[PDB]
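Trainee:
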Amino acid sequence: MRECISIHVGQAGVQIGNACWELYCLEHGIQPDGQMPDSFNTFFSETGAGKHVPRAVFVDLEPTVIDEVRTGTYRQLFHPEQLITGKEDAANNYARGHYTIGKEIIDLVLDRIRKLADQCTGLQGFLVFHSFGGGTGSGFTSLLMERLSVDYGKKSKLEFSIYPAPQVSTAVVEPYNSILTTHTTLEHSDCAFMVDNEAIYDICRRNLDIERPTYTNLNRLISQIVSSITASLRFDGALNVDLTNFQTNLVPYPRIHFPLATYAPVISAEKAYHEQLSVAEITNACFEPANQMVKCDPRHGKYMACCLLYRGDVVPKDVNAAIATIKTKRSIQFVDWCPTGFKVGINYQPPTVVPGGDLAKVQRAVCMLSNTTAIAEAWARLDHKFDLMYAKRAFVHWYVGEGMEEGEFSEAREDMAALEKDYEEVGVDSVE
Amino acid sequence: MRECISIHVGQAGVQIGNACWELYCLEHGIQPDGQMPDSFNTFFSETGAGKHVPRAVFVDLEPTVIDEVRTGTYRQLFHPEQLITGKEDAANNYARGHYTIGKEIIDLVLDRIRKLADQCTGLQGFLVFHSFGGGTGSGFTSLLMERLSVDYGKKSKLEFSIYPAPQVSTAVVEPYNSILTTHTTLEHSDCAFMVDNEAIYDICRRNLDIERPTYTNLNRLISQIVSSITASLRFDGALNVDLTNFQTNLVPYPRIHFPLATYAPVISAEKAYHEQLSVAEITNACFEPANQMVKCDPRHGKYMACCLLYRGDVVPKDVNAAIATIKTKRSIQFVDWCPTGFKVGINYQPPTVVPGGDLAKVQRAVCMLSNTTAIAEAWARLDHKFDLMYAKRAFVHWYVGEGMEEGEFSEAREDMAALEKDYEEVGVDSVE
Amino acid sequence: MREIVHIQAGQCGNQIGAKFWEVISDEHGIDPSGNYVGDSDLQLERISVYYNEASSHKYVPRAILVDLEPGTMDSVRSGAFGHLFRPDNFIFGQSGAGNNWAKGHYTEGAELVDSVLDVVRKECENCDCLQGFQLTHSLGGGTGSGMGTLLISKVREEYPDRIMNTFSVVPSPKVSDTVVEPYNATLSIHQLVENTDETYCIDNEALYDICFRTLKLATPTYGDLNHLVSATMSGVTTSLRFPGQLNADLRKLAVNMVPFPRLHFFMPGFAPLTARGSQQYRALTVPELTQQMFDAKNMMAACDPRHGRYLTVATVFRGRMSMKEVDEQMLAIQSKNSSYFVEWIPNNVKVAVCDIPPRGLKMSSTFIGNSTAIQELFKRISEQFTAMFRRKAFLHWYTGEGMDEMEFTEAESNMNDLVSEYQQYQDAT
Amino acid sequence: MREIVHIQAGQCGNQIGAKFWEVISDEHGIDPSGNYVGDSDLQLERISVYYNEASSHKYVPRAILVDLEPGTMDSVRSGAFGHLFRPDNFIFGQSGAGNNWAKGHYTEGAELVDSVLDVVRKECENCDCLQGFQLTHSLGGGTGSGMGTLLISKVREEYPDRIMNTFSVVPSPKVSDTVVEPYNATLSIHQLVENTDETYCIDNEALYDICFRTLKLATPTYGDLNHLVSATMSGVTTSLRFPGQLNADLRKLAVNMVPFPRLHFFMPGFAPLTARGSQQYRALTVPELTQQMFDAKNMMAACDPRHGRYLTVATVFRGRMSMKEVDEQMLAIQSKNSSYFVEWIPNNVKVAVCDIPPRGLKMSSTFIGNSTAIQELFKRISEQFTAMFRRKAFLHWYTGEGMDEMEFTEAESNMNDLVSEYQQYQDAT
Ligand SMILES: Nc1nc2c(ncn2[C@@H]2O[C@H](COP(=O)(O)OP(=O)(O)OP(=O)(O)O)[C@@H](O)[C@H]2O)c(=O)[nH]1
Ligand SMILES: Nc1nc2c(ncn2[C@@H]2O[C@H](COP(=O)(O)OP(=O)(O)OP(=O)(O)O)[C@@H](O)[C@H]2O)c(=O)[nH]1
Ligand SMILES: Nc1nc2c(ncn2[C@@H]2O[C@H](COP(=O)(O)OP(=O)(O)OP(=O)(O)O)[C@@H](O)[C@H]2O)c(=O)[nH]1
Ligand SMILES: Nc1nc2c(ncn2[C@@H]2O[C@H](COP(=O)(O)OP(=O)(O)OP(=O)(O)O)[C@@H](O)[C@H]2O)c(=O)[nH]1
Ligand SMILES: [Mg+2]
Ligand SMILES: [Mg+2]
Ligand SMILES: [Mg+2]
Ligand SMILES: [Mg+2]
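Chains as they are written, first to last, in the authors' numbering: chain A, 1 to 37, 47 to 441; chain C, 1 to 37, 47 to 441; chain B, 1 to 429; chain D, 1 to 429.
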């Protein structure tokens with residue numbers, strides 16, 4: 001009745017999806033064999058038997074990760090129809106993944122998407138998971154998003170983009186991939202969620218006391234975020250909320266749709282006690298900049314819009330009191346022309362702890378989605394890097410030989426500057 | 001409804017807090033695990058479970074003492090959030106603890122303080138426990154008290170300062186630390202309690218017959234003093250009293266707020282019998298200069314103000330009779346311009362003996378807080394020492410290289426002289 | 001006779017209607033299975049005005065539940081007191097407007113309006129004599145405002161003679177649950193002043209205030225607020241379903257409370273309100289109820305009447321009492337509040353007394369105040385909208401759903417005209 | 001009719017009121033649950049003057065308990081004889097003035113004065129005919145003095161016609177429980193002579209003296225003193241709640257005892273006072289009670305009347321007796337004390353007799369003396385204040401709470417004026 005499909009590009013996308021579907025299975029009490037020893050109708054379809062399968066699509070050019078998924082514990086769960094594999098990865102080259110190699114299987118992915126769509130009736134939207142550094146990520150995301158937006162006129166489209174960290178990088182040509190893919194996705198993405206690895210590293214080390222965190226833990230956190238986002242659809246609440254509500258409440262202007270996510274509470278198992286976890290307490294934890302999942306201090310900007318999804322046993326009266334108190338603060342400042350920048354959603358289902366995980370089970374949790382102007386600053390940094398790596402025309406020859414024009418780089422930089430200018434200009438106050 | 005928070009600077013502060021929270025747990029029947037197989050609402054917050062945690066903050070630069078606390082019996086009780094540790098101790102150097110090292114964690118301590126304050130509603134005041142000899146003590150006390158007084162305009166602030174003994178010293182540069190920290194705290198401290206180790210040594214040896222007392226026993230005594238001070242808030246009495254009452258009744262002038270504490274009864278367990286412990290008897294015991302916890306004979310000065318807190322089964326009629334008799338005495342002389350220098354408070358809860366301790370349980374106890382002019386003399390001695398150690402400009406180079414000016418020493422000495430002059434001048438009588 | 005058809009739009013409207021029909025069934029002693037097992041013939045004599053008796057002596061509520069999302073209807077069908085509903089009544093789409101008034105009034109509403117009007121016409125023909133309609137909805141959600149305005153427009157175009165009641169949850173001044181609610185609130189209010197007979201503005205702010213302070217509850221849930229509003233509505237209509245020494249109906253109230261066709265917005269108030277312990281510490285006196293009804297803290301609309309004047313006041317009493325006592329109360333209160341009423345209306349109190357109490361207590365009172373202070377409320381909303389229209393924030397959603405800026409311009413113009421009229425008539429001597 | 005509203009400020013006021021309402025309930029045979037199980041219709045005929053009958057024949061005390069700290073109110077709610085109170089009456093803040101009169105009259109009092117006045121007005125409208133107010137508080141604590149002065153000012157500004165009674169525990173000369181009480185005592189006394197009708201100065205010194213010597217008790221607790229003061233108050237008002245061959249009310253006493261508007265400070269005295277063993281060693285004679293009432297050791301104010309003269313004397317008797325006997329007693333005592341009364345007032349004894357004794361005894365007597373010796377008391381306080389104002393000790397607290405030195409100057413000036421007036425009228429021939 002209300003279905004939403006998933007797409008995973010690149011190794012980051014695939015691992016994030018592993019965590020996400022793991023979490024969803026844990027939620028709806030689903031065995032790795034599609035059995036459950047309605048709720049699940051949104052994400053799981055049901056075969057003739059009592060077995061269920063997830064409406065998921067996995068795509069990559071390197072078959073190693075998909076082979077790992079097939080040989081992983083969640084083997085029997087997936088439908089081997091969707092586990093699309095290529096031959097050679099884009100190799101951190103947007104040109105390969107957007108002009109040369111992605112063409113080989115773009116048709117196959119589109120066909121699988123259409124077949125899944127035809128068997129669904131309450132199609133809500135697309136959850137695209139993909140990094141930015143990897144050429145697979147940028148190239149295939151650009152291609153697939155363009156194709157889908159061409160096909161379906163107006164349907165929800167959500168991305169969970171792994172924004173490259175300011176200093177902690179892994180690749181070398183990350184500015185190029187990021188700039189190209191952002192210039193592309195600026196026109197197609199309904200609403201994209203920036204997430205950085207460095208911020209999650211900081212959060213896990215300081216708050217969860219894990220001195221050496223692995224990618225698994227970051228994937229756990231992002232899966233928690235996604236589950237809390239969709240819990241309003243997947244369950245009932247005193248005040249539910251849909252994705253169209255989000256896009257209506259968080260997009261004052263058609264271009265500015267790049268919020269960031271935050272989650273709470275996050276405390277070690279040994280620290281489950283020693284605090285009562287007030288709704289005001291978790292509110293403060295959310296709004297504390299040390300918990301925001303993108304390396305930007307909101308105190309340098311204004312929250313243009315904020316949304317809070319609570320799950321568990323919550324009461325709107327105290328929630329409203331805490332929010333009103335938050336508004337009374339000074340450093341948390343919004344635009345003058347926006348009188349109220351808060352949307353509230355409540356769900357009765359508390360989150361469930363991941364077995365073998367690192368967090369501790371709680372009775373109330375809150376996810377925050379904030380669209381502010383501080384995030385604008387982040388873009389500038391990347392442009393900075395790009396400019397240097399573009400001043401010497403370094404690494405350009407790979408893309409040139411792959412069928413790309415320098416004018417594309419110039420125009421992408423111009424579009425990034427235009428977006429940053431729009432962000433800053435909206436950040437200003439109104440006359441009279 | 002009426003909450004008051006604690007801060008502990010330096011090893012002396014930490015050990016004193018160990019004793020204090022031990023005593024409070026013994027009072028409210030609190031297990032080391034926050035269980036109690047309202048009253049406790051003032052000092053203990055309660056988690057979702059039946060577990061309670063103390064609104065305490067521990068700060069030090071040497072992690073050894075905090076590690077001992079963590080490995081001590083009272084491990085599970087505390088919240089590991091507050092056990093703030095540094096790397097290198099101030100090392101009896103006020104400059105290190107006030108300009109160089111204290112900056113590293115002052116923000117963290119302030120953040121913890123603010124978070125604790127926001128979860129409390131009846132915030133009463135701050136109980137700061139810190140010695141003077143240790144550079145950690147002086148430097149961090151100055152810094153933190155300045156920050157808190159800057160933040161909160163008018164709220165109660167109480168210190169329990171371990172004044173350096175006249176002859177029995179442990180460090181060498183104690184005059185410098187004491188002078189600097191006193192010049193600082195003169196403007197911020199609402200009311201500070203002088204306590205000396207030598208006086209407590211004398212009291213324990215002579216009255217409790219303990220020939221070789223350890224620091225533990227002194228900590229027990231000071232914990233008893235603090236518990237008797239707050240028993241009026243933590244319980245009901247025929248005539249209760251609040252901290253604001255104390256500050257109104259003991260501060261004739263804005264600068265003179267340096268009283269000293271005395272406690273009674275103090276008798277060995279083998280001497281529990283052989284005396285009936287009259288209210289007049291314990292009154293005499295309190296007013297006897299051999300029991301005052303600061304090395305100053307009050308017979309060389311005048312009591313400007315006196316306050317008596319009784320706990321246990323007491324009756325105001327005989328209390329008043331004993332006080333009136335005390336007034337009729339000669340050597341106990343007050344200022345001519347003050348007609349009555351007594352405040353009285355009564356609580357129904359008798360003190361409880363510390364298990365494994367040295368004292369004997371009684372049914373009535375009395376704490377005395379006296380603001381007199383004899384204590385003024387003490388300051389002079391320190392100045393004396395300082396002058397000598399400043400005449401040769403000894404040890405100055407450490408502070409100079411740490412970012413301090415000799416003019417600071419000169420101005421601190423001048424301010425100490427000004428305070429002593431004010432004390433002596435108020436000590437005089439009035440014209441006509 | 002004089003049957004009243006109940007319509008519910010919006011999620012809040014559906015929850016309020018659920019609790020309200022629960023209250024009604026309890027009052028008439030109707031089990032969740034729909035069979036009457038009561039003991040007073042009074043309930044059965046007028047049961048038809050709200051119920052329909054199907055064969056085998058079953059009773060079904062004459063209610064309609066409308067939304068665009070299946071979650072709320074599924075919840076209603078799940079819990080108890082849901083079986084007695086006619087299962088064909090649950091009209092619902094699949095998307096949910098999503099706080100987009102254009103969607104709830106142009107795209108989605110155009111799909112289910114047909115079924116809604118068909119069921120409405122069926123119910124109309126099923127009853128003997130139609131008295132009027134009472135509507136339950138919100139003003140923030142796109143579903144509520146948009147579809148309620150659409151249905152009101154169509155129904156009024158189909159029945160210019162019937163009386164229309166709306167219980168619109170006006171968004172609170174301080175607390176705002178949405179971000180864009182000023183736009184839809186303005187548009188819906190425009191349509192209401194166009195085609196409505198009376199509007200009972202209610203705010204969650206005032207309800208929270210009353211629940212927390214008067215009832216002494218630190219955790220007020222939506223159930224409590226909905227129960228309060230249900231009690232208010234039942235007290236409003238009980239003068240129809242029961243005898244009384246001085247009875248009133250919707251037509252009488254409409255005539256009494258509306259001096260001029262535009263000014264037809266009220267505020268409700270209920271009494272008594274006692275905690276679980278603070279009940280046997282008070283005498284249940286008509287003076288006590290009267291004085292409880294009149295004070296700032298007990299008004300379900302966040303607007304101090306002291307800042308304005310009462311145009312009209314109506315009062316409905318339940319439980320046995322003497323008329324003379326009530327008359328004395330009214331005269332005394334009008335004497336002491338001589339500065340709180342319009343001068344050009346002498347004797348501006350409309351009294352009515354029933355003879356059945358709200359089960360569990362000895363007496364009760366409901367107050368309906370048509371005052372001038374409410375315009376202040378509107379002012380603030382306009383200002384909000386004003387700011388949010390200066391930058392045209394979030395405008396693109398409505399723009400791409402067919403609406404134009406001229407719509408907002410006209411809506412704000414009409415709202416300002418209404419506020420000006422209210423202020424001017426407050427100043428009338 | 002003639003209902004009297006009871007207000008309690010300060011911790012001492014609250015304790016006194018607790019014991020006093022205990023005494024009243026015992027007198028009228030009212031259980032802690034609030035239901036009447038007595039056997040004399042006399043109690044029920046005038047029960048309304050102090051109680052209110054809620055439905056199911058429950059009775060609640062018409063009392064108000066006020067403080068700024070939750071400890072005392074929590075204690076009152078804890079112990080028995082606390083249930084019958086209306087739970088909404090317990091108005092209390094969170095800080096407690098802390099012997100700072102400026103706090104109790106400028107900062108904290110300004111926060112709860114609204115609720116206090118609201119409850120007061122509610123009680124006033126609840127009753128039929130208001131006779132007057134009786135206040136209980138201290139003069140040392142900042143809470144008591146400051147908030148009592150504030151409430152008295154506001155109430156007198158709201159009811160210039162009603163009579164006001166205050167039972168102010170004046171600080172003792174020798175024993176002082178505080179350090180700064182002269183300042184607040186002076187300010188509160190200033191406000192009292194401004195806006196009060198009668199003040200019953202009472203000292204813990206005299207009460208301790210009486211309890212220790214007359215009652216032969218070596219351990220007098222606050223409970224005993226409060227019980228004594230409660231008995232005094234009940235004896236004062238019992239001429240209203242019971243018939244008597246010669247009855248009196250508050251208005252009669254006010255007219256009789258106040259020759260000039262400023263001099264309206266009294267001292268009470270109670271009789272008999274017998275130990276547990278020394279009771280059956282004495283005949284209960286009107287002469288015995290009369291002679292017991294008149295002596296230095298039996299005055300609840302620490303001031304020898306021999307040092308001054310009695311301006312007026314009132315006496316209220318309980319239990320059956322013959323008028324002629326009392327008349328003979330009065331004439332004899334006036335004959336022997338011819339030097340102890342003002343000359344320009346012949347027959348300065350105001351007699352009144354009730355017909356119900358104070359539970360457990362056969363007769364009793366209460367004496368109210370308006371004399372001139374009390375000025376001496378005031379003198380001493382001023383001197384104390386004088387010294388404490390010469391050095392301006394502790395002045396900074398009040399200075400930073402908004403008060404100025406001019407306030408203290410004016411207060412001392414007014415007190416000196418009052419003392420001068422008292423001394424001058426003592427010397428009047
Ligand atoms: N959040 C998160 N990010 C990851 C994780 N693993 C890798 N990443 C990010 O994702 C990127 C991985 O590159 P891909 O997008 O998968 O590119 P590819 O699939 O290898 O294809 P080529 O670009 O041709 O190499 C890295 O730059 C990482 O920053 C992970 O476990 N969690
Ligand atoms: N009352 C009491 N005082 C103590 C006790 N232990 C130590 N002290 C005093 O406290 C001082 C301890 O120094 P601290 O203030 O802790 O200084 P620190 O933490 O070592 O940091 P540095 O100044 O850099 O060395 C000593 O000078 C003692 O006089 C104790 O157990 N009880
Ligand atoms: N008084 C009261 N108001 C409620 C309650 N529940 C929800 N509301 C209000 O009703 C509104 C709910 O939105 P709706 O009008 O139902 O809109 P919708 O049905 O969700 O459809 P969309 O507008 O597309 O989201 C919220 O803005 C709340 O302010 C309730 O229990 N009591
Ligand atoms: N006669 C009598 N007097 C009492 C009794 N208990 C307390 N008092 C007096 O009442 C005073 C109590 O102070 P309050 O006036 O209540 O002031 P508070 O409520 O404590 O508020 P703060 O002034 O801020 O401390 C004391 O000074 C006592 O002298 C009592 O039981 N009997
Ligand atoms: Mg690759
Ligand atoms: Mg150290
Ligand atoms: Mg909806
Ligand atoms: Mg007090």
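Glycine is no exception: its CB is placed at the ideal position from the N, C-alpha and C atoms.
Which residues of the region 46-75 of chain D have a Cβ closer than 9 Å to any Cβ of chain B? Give them in chain order.
Mentor: Flagged, chain order: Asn52, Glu53, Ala54, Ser55, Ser56, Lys58 and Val60.
Trainee: Exposed or buried, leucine 217 of chain C, counting other C-beta atoms within 10 Å across all chains shown (16 or more means buried)?
Mentor: Answer is buried; the Cβ neighbour count reaches 16.
Trainee: Going by DSSP, what residue range makes up the alpha helix (DSSP H) through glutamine 133 of chain C?
Mentor: Segment 132-140 is the beta strand (DSSP E) holding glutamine 133 of chain C; no alpha helix (DSSP H) there.
Trainee: Can you tell me where the alpha helix (DSSP H) with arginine 373 of chain C in it begins and where it stops?
Mentor: Note, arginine 373 of chain C: premise wrong, no alpha helix (DSSP H); beta strand (DSSP E) at 373-381.
Trainee: Closer than 8 Å: is that where the CB of residue 446 of chain A sits relative to any heavy atom of ligand 7?
Mentor: The first residue shown for chain A is 1 and the last is 441, placing residue 446 of chain A beyond what the model contains.
Trainee: Rounding to the nearest angstrom, what Cα-Cα distance links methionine 154 of chain A and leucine 192 of chain B in this structure?
Mentor: One C-alpha to the other measures close to 43 Å.
Trainee: Quick one: is the Cβ of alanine 63 of chain D within less than 8 Å of any heavy atom of ligand 3?
Mentor: No, Cβ of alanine 63 of chain D sits at least 8 Å from all heavy atoms of ligand 3.
Trainee: Please specify which runs of the beta strand (DSSP E), each continuous and at least 3 residues long, are wholly inside the region 259-328 of chain D, giving them in chain order.
Mentor: Listed in chain order, the complete beta strand (DSSP E) runs (minimum 3 residues) inside the region 259-328 of chain D are 265-271 and 310-318.
Trainee: Is the beta carbon of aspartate 98 of chain C within less than 8 Å of some heavy atom of ligand 6?
Mentor: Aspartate 98 of chain C: yes, Cβ under 8 Å from ligand 6.
Trainee: May I ask you to verify whether the region 212-219 of chain D touches the region 368-388 of chain C, counting CB pairs closer than 8 Å and requiring at least 3?
Mentor: Flag = no, the region 212-219 of chain D and the region 368-388 of chain C do not touch.
Trainee: Write down the C-beta distance between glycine 142 of chain A and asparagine 101 of chain A rounded to the nearest angstrom, noting that I regard them as a contact closer than 8 Å.
Mentor: About 7 Å; that satisfies the 8 Å criterion.
Trainee: Alpha carbon to alpha carbon, what distance is there between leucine 311 of chain D and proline 259 of chain D?
Mentor: When rounded, the distance between both Cα atoms is 8 Å.
Trainee: Using a threshold of 8 Å, is the CB atom of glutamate 69 of chain D nearer than that to any non-hydrogen atom of ligand 8?
Mentor: Within the cutoff, so yes.
Trainee: Could you check whether the Cβ of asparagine 195 of chain B sits closer than 8 Å to any heavy atom belonging to ligand 1?
Mentor: Incorrect: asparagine 195 of chain B has no Cβ contact closer than 8 Å to ligand 1.
Trainee: Beta strand (DSSP E) containing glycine 416 of chain C: first to last residue?
Mentor: Counting along the chain, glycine 416 of chain C falls outside any beta strand (DSSP E), though it belongs to the alpha helix (DSSP H) covering 415-436.
Trainee: At least one CB of chain D closer than 9 Å to the CB of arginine 2 of chain C: is that the case?
Mentor: Closer than 9 Å: yes.
Trainee: Can you tell which of B/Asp31, B/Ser78, B/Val76 and B/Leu68 has its C-alpha closest to the C-alpha of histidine 57 of chain B?
Mentor: Checked all of B/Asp31, B/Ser78, B/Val76 and B/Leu68; the closest Cα to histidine 57 of chain B is B/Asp31.
Trainee: Under 8 Å: does the beta carbon of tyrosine 408 of chain A sit that close to some heavy atom of ligand 1?
Mentor: Not under cutoff, so the answer is no.
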